[PDB]
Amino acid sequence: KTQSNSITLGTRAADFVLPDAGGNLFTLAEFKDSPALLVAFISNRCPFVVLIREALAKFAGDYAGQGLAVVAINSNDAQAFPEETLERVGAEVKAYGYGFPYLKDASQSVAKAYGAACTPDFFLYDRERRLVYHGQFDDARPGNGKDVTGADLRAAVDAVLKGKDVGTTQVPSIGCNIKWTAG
């Protein structure tokens, strides 16, 4: 278990090229027309991601067409954790109804460029792809009793889409560490 890193607000979204489980490739240019862009480092089996998985698919669907693009990335080492393969990532999409692209970062170069530390780790960018929110989906944690609402991220997306300032309280997310390959 670890907290997300303190990443300075304003940092530019790093570019990537990453595949989905059909082999389609995605870069930042594929999301260019969406004024808000969420990049989410998640996992197929981490309990902190299991907690919000239904909510995340609902959240992304709710905003599809309102100007939010969501990209999810699984950077976990799938030799060490076979449940994290690209093939499994493809099965997660169908099983949980993910409308957003869910991509595999096999070399972990993208997780390293964003400075992701745990799953889930959420980075929200504005129209010029500057970081405006980095933190928890909401206050829910496995076993803490709180409803999974996505309210912190929702409030941040709403602010971006309405051209307003994101709130300054950003609680770090908590999850399983990214499973870095030995070295």
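Residue numbers here begin at 1 and follow the sequence given.
*Asks:* Would 8 to 16 or 160 to 168 have the larger average of its C-alpha temperature factors, as given in the entry?
*Replies:* Mean B over CA atoms: larger for 160 to 168.
*Asks:* Could you check the entry and say whether 34 to 42 or 142 to 150 has the higher mean CA B-factor?
*Replies:* The stretch with the larger mean CA B-factor is 142 to 150.
*Asks:* Could you check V49, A64, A116, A55 and tell me which one carries the biggest Cα B-factor in the deposited entry?
*Replies:* If I rank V49, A64, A116, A55 by C-alpha B-factor, first place goes to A64.
*Asks:* Quiz for you: based on the deposited Cα B-factor, which of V71, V110, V89, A78 is highest?
*Replies:* That would be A78, according to the entry.
*Asks:* Within this chain, which third does the Cα B-factor at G97 fall in: lowest, middle or highest?
*Replies:* Its C-alpha B-factor belongs to the highest third of this chain's values.
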